[PDB]
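Next comes input_39.txt, with compact mmCIF, C-alpha atoms and all ligand atoms.
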```
# COMPACT_ATOMS: atom_id res chain seq x y z
CA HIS A 1 -34.73 -49.97 -20.74
CA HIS A 2 -36.00 -53.50 -19.83
CA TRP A 3 -33.44 -56.04 -18.90
CA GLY A 4 -32.05 -58.64 -21.22
CA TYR A 5 -28.78 -60.08 -22.50
CA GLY A 6 -27.78 -57.48 -25.08
CA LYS A 7 -24.98 -54.89 -25.11
CA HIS A 8 -27.21 -52.20 -23.77
CA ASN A 9 -29.41 -54.10 -21.28
CA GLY A 10 -27.29 -57.11 -20.32
CA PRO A 11 -25.93 -58.43 -17.03
CA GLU A 12 -23.43 -55.56 -16.56
CA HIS A 13 -26.40 -53.14 -16.48
CA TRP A 14 -28.74 -55.03 -14.16
CA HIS A 15 -27.44 -53.42 -10.96
CA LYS A 16 -29.00 -50.08 -11.90
CA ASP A 17 -32.50 -51.49 -11.56
CA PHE A 18 -31.66 -54.33 -9.12
CA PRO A 19 -28.94 -53.17 -6.74
CA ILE A 20 -28.78 -56.63 -5.11
CA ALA A 21 -26.86 -57.58 -8.28
CA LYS A 22 -23.75 -56.50 -6.35
CA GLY A 23 -24.84 -58.37 -3.23
CA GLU A 24 -23.11 -60.89 -0.99
CA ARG A 25 -24.63 -64.18 -2.24
CA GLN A 26 -25.07 -63.76 -6.00
CA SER A 27 -25.13 -66.56 -8.56
CA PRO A 28 -23.75 -68.15 -10.64
CA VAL A 29 -20.20 -68.86 -9.42
CA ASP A 30 -17.18 -70.74 -10.60
CA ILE A 31 -16.87 -74.05 -8.75
CA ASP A 32 -13.19 -74.55 -7.91
CA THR A 33 -13.10 -78.32 -7.42
CA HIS A 34 -9.89 -78.22 -5.41
CA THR A 35 -11.23 -75.74 -2.84
CA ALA A 36 -14.72 -77.20 -2.49
CA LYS A 37 -15.02 -78.96 0.86
CA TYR A 38 -16.28 -82.54 1.11
CA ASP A 39 -19.00 -82.55 3.82
CA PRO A 40 -19.78 -86.11 5.03
CA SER A 41 -22.78 -84.64 6.94
CA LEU A 42 -24.58 -83.97 3.64
CA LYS A 43 -27.35 -86.45 2.79
CA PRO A 44 -28.09 -87.98 -0.60
CA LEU A 45 -30.62 -86.06 -2.61
CA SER A 46 -34.16 -87.46 -2.71
CA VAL A 47 -35.82 -86.67 -6.03
CA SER A 48 -39.45 -87.88 -6.17
CA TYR A 49 -40.74 -87.05 -9.66
CA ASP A 50 -42.92 -90.13 -10.41
CA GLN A 51 -46.18 -88.12 -9.96
CA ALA A 52 -45.07 -84.93 -11.74
CA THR A 53 -47.80 -83.22 -13.80
CA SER A 54 -46.48 -80.91 -16.50
CA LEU A 55 -48.87 -78.22 -17.71
CA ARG A 56 -47.46 -75.85 -20.28
CA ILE A 57 -44.33 -74.76 -22.18
CA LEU A 58 -43.86 -70.99 -22.69
CA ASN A 59 -41.35 -68.58 -24.29
CA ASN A 60 -41.03 -65.80 -21.68
CA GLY A 61 -38.68 -63.68 -23.79
CA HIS A 62 -35.53 -64.67 -21.84
CA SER A 63 -35.73 -68.49 -21.95
CA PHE A 64 -38.36 -71.17 -22.39
CA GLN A 65 -39.88 -72.91 -19.41
CA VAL A 66 -41.98 -75.95 -18.68
CA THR A 67 -44.44 -75.43 -15.81
CA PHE A 68 -45.75 -78.08 -13.38
CA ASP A 69 -48.78 -78.38 -11.14
CA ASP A 70 -47.43 -77.40 -7.71
CA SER A 71 -50.76 -77.34 -5.86
CA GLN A 72 -49.88 -80.59 -4.01
CA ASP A 73 -46.73 -82.59 -3.08
CA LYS A 74 -46.56 -84.38 -6.45
CA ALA A 75 -42.96 -83.82 -7.55
CA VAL A 76 -40.71 -82.96 -4.62
CA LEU A 77 -37.06 -82.55 -3.75
CA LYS A 78 -35.88 -83.42 -0.24
CA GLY A 79 -32.64 -84.36 1.48
CA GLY A 80 -29.21 -83.17 0.49
CA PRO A 81 -28.56 -79.86 2.26
CA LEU A 82 -32.27 -79.12 2.55
CA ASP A 83 -34.56 -79.04 5.56
CA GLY A 84 -38.12 -79.70 4.52
CA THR A 85 -39.99 -80.38 1.29
CA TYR A 86 -39.50 -78.41 -1.91
CA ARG A 87 -42.07 -78.69 -4.72
CA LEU A 88 -41.09 -78.63 -8.37
CA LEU A 89 -42.48 -75.55 -10.11
CA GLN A 90 -40.77 -75.25 -13.50
CA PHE A 91 -37.62 -76.00 -15.44
CA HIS A 92 -35.85 -73.89 -18.03
CA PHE A 93 -32.47 -73.68 -19.73
CA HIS A 94 -29.63 -71.27 -20.39
CA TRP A 95 -27.52 -71.77 -23.52
CA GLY A 96 -24.92 -70.28 -25.80
CA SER A 97 -24.42 -69.26 -29.38
CA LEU A 98 -21.54 -71.79 -29.62
CA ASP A 99 -20.93 -75.13 -27.94
CA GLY A 100 -18.15 -73.75 -25.75
CA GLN A 101 -20.35 -71.38 -23.79
CA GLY A 102 -23.85 -71.29 -22.39
CA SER A 103 -23.74 -72.57 -18.85
CA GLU A 104 -24.03 -70.15 -15.94
CA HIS A 105 -22.02 -72.11 -13.39
CA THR A 106 -18.53 -73.15 -14.44
CA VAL A 107 -16.32 -75.94 -13.10
CA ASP A 108 -12.63 -75.00 -12.81
CA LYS A 109 -13.43 -72.22 -15.36
CA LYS A 110 -14.88 -74.78 -17.82
CA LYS A 111 -18.12 -73.67 -19.52
CA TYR A 112 -20.70 -76.15 -20.78
CA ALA A 113 -23.00 -75.72 -23.78
CA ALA A 114 -26.09 -75.21 -21.63
CA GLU A 115 -27.46 -75.44 -18.11
CA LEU A 116 -30.79 -76.88 -16.99
CA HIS A 117 -32.44 -75.36 -13.90
CA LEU A 118 -35.14 -77.32 -12.06
CA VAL A 119 -36.78 -74.80 -9.75
CA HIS A 120 -38.39 -75.90 -6.46
CA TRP A 121 -39.89 -73.87 -3.60
CA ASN A 122 -40.08 -74.57 0.13
CA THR A 123 -43.61 -75.62 1.05
CA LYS A 124 -43.39 -74.14 4.51
CA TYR A 125 -43.84 -70.68 2.91
CA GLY A 126 -47.12 -71.64 1.22
CA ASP A 127 -46.53 -70.05 -2.16
CA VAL A 128 -43.60 -69.25 -4.39
CA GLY A 129 -44.03 -65.48 -4.01
CA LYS A 130 -43.46 -65.79 -0.28
CA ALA A 131 -40.56 -68.23 -0.77
CA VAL A 132 -38.56 -65.80 -2.85
CA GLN A 133 -38.49 -63.42 0.17
CA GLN A 134 -36.76 -66.04 2.36
CA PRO A 135 -33.11 -67.08 2.53
CA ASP A 136 -34.08 -70.78 2.18
CA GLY A 137 -37.10 -70.27 -0.12
CA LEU A 138 -35.95 -71.96 -3.30
CA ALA A 139 -33.82 -74.95 -4.19
CA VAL A 140 -32.57 -75.12 -7.78
CA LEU A 141 -31.06 -78.26 -9.26
CA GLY A 142 -28.51 -77.26 -11.89
CA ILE A 143 -27.52 -79.79 -14.56
CA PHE A 144 -24.85 -79.20 -17.20
CA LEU A 145 -25.34 -80.15 -20.85
CA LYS A 146 -22.45 -81.23 -23.04
CA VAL A 147 -22.71 -81.87 -26.78
CA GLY A 148 -22.26 -85.49 -27.72
CA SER A 149 -24.86 -88.23 -28.04
CA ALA A 150 -28.55 -87.33 -28.11
CA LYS A 151 -30.69 -87.38 -24.96
CA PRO A 152 -33.89 -89.21 -25.94
CA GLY A 153 -35.76 -87.79 -22.91
CA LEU A 154 -35.20 -84.26 -24.19
CA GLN A 155 -36.59 -84.81 -27.69
CA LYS A 156 -40.25 -84.09 -26.76
CA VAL A 157 -39.14 -80.64 -25.64
CA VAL A 158 -37.05 -79.97 -28.80
CA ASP A 159 -39.92 -81.00 -31.04
CA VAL A 160 -42.43 -78.44 -29.63
CA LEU A 161 -40.06 -75.37 -29.77
CA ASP A 162 -41.27 -74.40 -33.27
CA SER A 163 -44.68 -73.76 -31.60
CA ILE A 164 -43.26 -71.17 -29.11
CA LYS A 165 -40.71 -69.41 -31.28
CA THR A 166 -41.42 -65.85 -30.12
CA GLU A 167 -41.93 -64.09 -26.81
CA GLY A 168 -45.29 -64.74 -25.13
CA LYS A 169 -46.18 -67.90 -27.06
CA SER A 170 -47.28 -70.90 -24.99
CA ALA A 171 -48.52 -74.42 -25.67
CA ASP A 172 -50.06 -77.31 -23.79
CA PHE A 173 -47.29 -79.63 -22.68
CA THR A 174 -48.75 -82.52 -20.71
CA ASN A 175 -47.37 -85.88 -19.58
CA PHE A 176 -43.71 -84.87 -19.72
CA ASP A 177 -41.53 -86.86 -17.32
CA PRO A 178 -38.58 -84.82 -15.99
CA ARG A 179 -36.82 -87.99 -14.84
CA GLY A 180 -35.59 -88.31 -18.43
CA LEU A 181 -33.35 -85.26 -17.89
CA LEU A 182 -31.33 -86.53 -14.91
CA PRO A 183 -27.81 -87.95 -15.08
CA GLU A 184 -26.97 -91.38 -13.63
CA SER A 185 -25.26 -89.99 -10.54
CA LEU A 186 -26.71 -87.47 -8.11
CA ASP A 187 -23.37 -86.36 -6.65
CA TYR A 188 -23.45 -82.59 -6.18
CA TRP A 189 -21.93 -79.34 -5.03
CA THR A 190 -24.06 -76.95 -3.00
CA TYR A 191 -23.79 -73.32 -1.92
CA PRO A 192 -26.16 -70.47 -0.94
CA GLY A 193 -26.91 -68.08 -3.78
CA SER A 194 -29.46 -66.16 -5.79
CA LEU A 195 -31.68 -66.12 -8.86
CA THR A 196 -29.54 -65.54 -11.93
CA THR A 197 -32.15 -63.30 -13.55
CA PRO A 198 -33.83 -60.21 -12.16
CA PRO A 199 -34.91 -59.72 -9.50
CA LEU A 200 -31.73 -61.58 -8.43
CA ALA A 201 -33.20 -62.37 -5.02
CA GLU A 202 -30.86 -64.11 -2.57
CA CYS A 203 -33.24 -66.97 -1.76
CA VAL A 204 -31.66 -70.02 -3.46
CA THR A 205 -29.94 -73.12 -2.16
CA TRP A 206 -28.04 -74.23 -5.26
CA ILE A 207 -27.51 -77.93 -5.89
CA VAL A 208 -25.25 -78.34 -8.93
CA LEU A 209 -24.82 -81.89 -10.22
CA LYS A 210 -21.28 -83.07 -11.02
CA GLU A 211 -22.24 -85.32 -13.95
CA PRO A 212 -23.39 -83.53 -17.14
CA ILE A 213 -25.99 -84.93 -19.47
CA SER A 214 -25.15 -85.33 -23.16
CA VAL A 215 -27.33 -83.79 -25.87
CA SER A 216 -26.77 -83.85 -29.59
CA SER A 217 -25.73 -80.93 -31.75
CA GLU A 218 -29.12 -81.14 -33.47
CA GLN A 219 -30.94 -80.84 -30.15
CA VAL A 220 -29.02 -77.72 -28.97
CA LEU A 221 -29.28 -76.13 -32.45
CA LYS A 222 -33.04 -76.08 -31.99
CA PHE A 223 -32.71 -73.99 -28.79
CA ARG A 224 -30.74 -71.40 -30.79
CA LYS A 225 -33.62 -70.95 -33.29
CA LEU A 226 -35.87 -69.40 -30.61
CA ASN A 227 -36.37 -65.62 -30.62
CA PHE A 228 -36.04 -63.02 -27.88
CA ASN A 229 -38.45 -60.82 -29.80
CA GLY A 230 -42.22 -61.09 -30.08
CA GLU A 231 -44.02 -61.96 -33.34
CA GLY A 232 -43.69 -58.96 -35.71
CA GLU A 233 -40.49 -57.43 -34.27
CA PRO A 234 -36.93 -57.46 -35.67
CA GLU A 235 -35.68 -61.09 -35.30
CA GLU A 236 -33.12 -61.53 -32.54
CA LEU A 237 -32.04 -65.10 -31.89
CA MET A 238 -32.38 -66.29 -28.28
CA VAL A 239 -28.76 -67.22 -27.57
CA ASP A 240 -26.31 -66.46 -24.75
CA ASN A 241 -29.01 -66.01 -22.11
CA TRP A 242 -26.54 -66.73 -19.32
CA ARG A 243 -25.17 -64.52 -16.54
CA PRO A 244 -21.39 -64.52 -15.99
CA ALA A 245 -19.84 -65.91 -12.77
CA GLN A 246 -20.07 -63.62 -9.75
CA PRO A 247 -17.69 -63.25 -6.77
CA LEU A 248 -17.88 -66.03 -4.19
CA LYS A 249 -17.28 -63.52 -1.33
CA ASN A 250 -17.77 -65.14 2.08
CA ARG A 251 -19.16 -68.44 0.96
CA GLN A 252 -17.93 -72.03 0.92
CA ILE A 253 -18.93 -74.54 -1.72
CA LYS A 254 -19.55 -77.98 -0.24
CA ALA A 255 -19.29 -81.30 -2.09
CA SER A 256 -21.34 -84.43 -1.41
CA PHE A 257 -18.51 -86.60 -2.75
CA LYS A 258 -14.81 -87.10 -2.26
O1 LIG B 301 -32.55 -67.63 -11.51
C1 LIG B 301 -32.60 -68.72 -12.08
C2 LIG B 301 -33.06 -69.97 -11.38
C3 LIG B 301 -34.23 -69.72 -10.47
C4 LIG B 301 -35.44 -69.17 -11.19
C5 LIG B 301 -36.59 -68.81 -10.28
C6 LIG B 301 -37.88 -68.45 -10.99
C7 LIG B 301 -39.09 -68.59 -10.12
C8 LIG B 301 -40.39 -68.68 -10.89
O2 LIG B 301 -40.49 -69.32 -11.93
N1 LIG B 301 -41.43 -68.03 -10.33
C9 LIG B 301 -41.40 -66.88 -9.50
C10 LIG B 301 -40.61 -65.79 -9.81
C11 LIG B 301 -40.61 -64.68 -8.97
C12 LIG B 301 -41.39 -64.66 -7.84
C13 LIG B 301 -42.18 -65.75 -7.54
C14 LIG B 301 -42.19 -66.86 -8.36
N2 LIG B 301 -32.26 -68.88 -13.34
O3 LIG B 301 -32.03 -67.78 -14.15
ZN ZN B 302 -32.06 -70.36 -14.63
```

Can you present the structure in this file as structure tokens?
Ligand SMILES: O=C(CCCCCCC(=O)Nc1ccccc1)NO
Ligand SMILES: [Zn+2]
Amino acid sequence: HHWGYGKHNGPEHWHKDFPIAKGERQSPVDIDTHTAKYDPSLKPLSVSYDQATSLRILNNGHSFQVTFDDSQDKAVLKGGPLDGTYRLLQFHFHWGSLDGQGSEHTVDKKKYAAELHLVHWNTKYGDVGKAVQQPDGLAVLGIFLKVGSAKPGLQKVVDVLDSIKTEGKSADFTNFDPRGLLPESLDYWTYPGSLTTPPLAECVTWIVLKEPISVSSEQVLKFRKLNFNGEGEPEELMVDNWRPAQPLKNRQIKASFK
């Protein structure tokens, strides 16, 4: 039926409704650190998040997401491999049922406990619906989470998850500063790819940060208490909402660092 992450509707089934699932620039991929090419032409990333305005947090039945006001150039991503200004729209996570799985991208086959996606769209296309139809429409910053010490900047998110336990629930979520989610270093890998959920459009410049952030076991445990189901339905824990690595095909992964 409708897509999801289960045995009968999971990633291996998506191609029947979304044939681009077997396309030429699908995501995620395994990053082979010894075959990635250092590209000295790549610029440092410019992340300008000081004026970000968060609006709401919502359980969309596949993940939870925090949405931002993107009606002006308030929180923007520029530089790196990008040409032009990309506005922050939302962030969300992918995570596992166990600490040794949950990320979408992998690094030399290593899986992390979760992966944070900060989604931005290219302002030259005017709105995000137009941007997803363009090969350079979106830029997604991917950040790995490892289990270790707690991340204090994540705690405001963890503490509101009880309010959005089931599909379709939303809550006001103002004055959240996404700078608290970034690692110290902005070194990155980049490659052209796709959304990792339907409709799997091939519109994404991926920027995957090398340095993971550390979150505590108690913080990630709280993600695993969310539900895929809506209020009143059989309880199905929201875990393992990650797509497996896809073939690299004719693409090169570039590194900003040696
Ligand atoms: O695929 C990803 C990362 C990119 C997610 C892109 C979602 C875009 C969004 O929130 N709004 C939108 C979706 C479809 C069409 C237009 C806007 N993770 O699974
Ligand atoms: Zn994602």

Near residue 126 of chain A, counting all atoms listed in the file, which residues have an atom at most 12 Å away, once you skip same-chain residues fewer than 2 positions from it, shown as a PDB file with C-alpha atoms, keeping the file's coordinate frame?
```pdb
ATOM      1  CA  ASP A  70     -47.430 -77.400  -7.710  1.00  0.00           C
ATOM      2  CA  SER A  71     -50.760 -77.340  -5.860  1.00  0.00           C
ATOM      3  CA  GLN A  72     -49.880 -80.590  -4.010  1.00  0.00           C
ATOM      4  CA  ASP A  73     -46.730 -82.590  -3.080  1.00  0.00           C
ATOM      5  CA  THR A  85     -39.990 -80.380   1.290  1.00  0.00           C
ATOM      6  CA  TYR A  86     -39.500 -78.410  -1.910  1.00  0.00           C
ATOM      7  CA  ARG A  87     -42.070 -78.690  -4.720  1.00  0.00           C
ATOM      8  CA  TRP A 121     -39.890 -73.870  -3.600  1.00  0.00           C
ATOM      9  CA  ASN A 122     -40.080 -74.570   0.130  1.00  0.00           C
ATOM     10  CA  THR A 123     -43.610 -75.620   1.050  1.00  0.00           C
ATOM     11  CA  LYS A 124     -43.390 -74.140   4.510  1.00  0.00           C
ATOM     12  CA  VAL A 128     -43.600 -69.250  -4.390  1.00  0.00           C
ATOM     13  CA  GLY A 129     -44.030 -65.480  -4.010  1.00  0.00           C
ATOM     14  CA  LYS A 130     -43.460 -65.790  -0.280  1.00  0.00           C
ATOM     15  CA  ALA A 131     -40.560 -68.230  -0.770  1.00  0.00           C
ATOM     16  CA  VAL A 132     -38.560 -65.800  -2.850  1.00  0.00           C
ATOM     17  CA  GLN A 133     -38.490 -63.420   0.170  1.00  0.00           C
ATOM     18  CA  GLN A 134     -36.760 -66.040   2.360  1.00  0.00           C
ATOM     19  CA  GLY A 137     -37.100 -70.270  -0.120  1.00  0.00           C
TER      20      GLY A 137
END
```

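Closest approach to residue 93 of chain A from the set A:81, A:230, A:142, A:4 is made by A:142, with distances taken over all atoms listed in the file.
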
First collect every listed atom of segment 140-153 of chain A; then fit an axis-aligned box around them, widen it by 5 Å on each side, and give centre and edge lengths in Å to one decimal, as JSON.
```
{"center_x": -29.0, "center_y": -82.2, "center_z": -17.9, "size_x": 23.5, "size_y": 24.1, "size_z": 30.3}
```

### Query
Using all atoms listed in the file, which protein or nucleic acid residues are at most 7 Å from ligand LIG 301 (chain B), as a PyMOL selection string?
chain A and resi 89-90+117+119+128-129+132+140+194-197+200

Residues of chain A that have any atom at most 12 Å from an atom of ligand ZN 302 (chain B): could you tabulate them with the shortest-distance atom pair and the distance in Å to one decimal, using only C-alpha atoms and all ligand atoms, ordered by chain and increasing number, as a tab-separated table?
```
residue	atom	partner	partner_atom	distance
A:27	CA	B:ZN302	ZN	10.0
A:28	CA	B:ZN302	ZN	9.5
A:62	CA	B:ZN302	ZN	9.8
A:63	CA	B:ZN302	ZN	8.4
A:64	CA	B:ZN302	ZN	10.0
A:65	CA	B:ZN302	ZN	9.5
A:90	CA	B:ZN302	ZN	10.1
A:91	CA	B:ZN302	ZN	8.0
A:92	CA	B:ZN302	ZN	6.2
A:93	CA	B:ZN302	ZN	6.1
A:94	CA	B:ZN302	ZN	6.3
A:95	CA	B:ZN302	ZN	10.1
A:102	CA	B:ZN302	ZN	11.3
A:103	CA	B:ZN302	ZN	9.6
A:104	CA	B:ZN302	ZN	8.1
A:105	CA	B:ZN302	ZN	10.3
A:114	CA	B:ZN302	ZN	10.4
A:115	CA	B:ZN302	ZN	7.7
A:116	CA	B:ZN302	ZN	7.0
A:117	CA	B:ZN302	ZN	5.1
A:118	CA	B:ZN302	ZN	8.0
A:119	CA	B:ZN302	ZN	8.1
A:120	CA	B:ZN302	ZN	11.7
A:139	CA	B:ZN302	ZN	11.5
A:140	CA	B:ZN302	ZN	8.4
A:141	CA	B:ZN302	ZN	9.6
A:142	CA	B:ZN302	ZN	8.2
A:143	CA	B:ZN302	ZN	10.5
A:144	CA	B:ZN302	ZN	11.7
A:194	CA	B:ZN302	ZN	10.1
A:195	CA	B:ZN302	ZN	7.2
A:196	CA	B:ZN302	ZN	6.1
A:197	CA	B:ZN302	ZN	7.1
A:198	CA	B:ZN302	ZN	10.6
A:200	CA	B:ZN302	ZN	10.8
A:204	CA	B:ZN302	ZN	11.2
A:206	CA	B:ZN302	ZN	10.9
A:208	CA	B:ZN302	ZN	11.9
A:241	CA	B:ZN302	ZN	9.2
A:242	CA	B:ZN302	ZN	8.1
A:243	CA	B:ZN302	ZN	9.2
```

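Among A:113, A:203, A:21, A:154, the residue with the shortest atom-to-atom distance to residue 136 of chain A, counting all atoms listed in the file, is A:203.
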
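In this structure, atom CA of residue 30 of chain A sits 28.4 Å away from atom CA of residue 157 of chain A.
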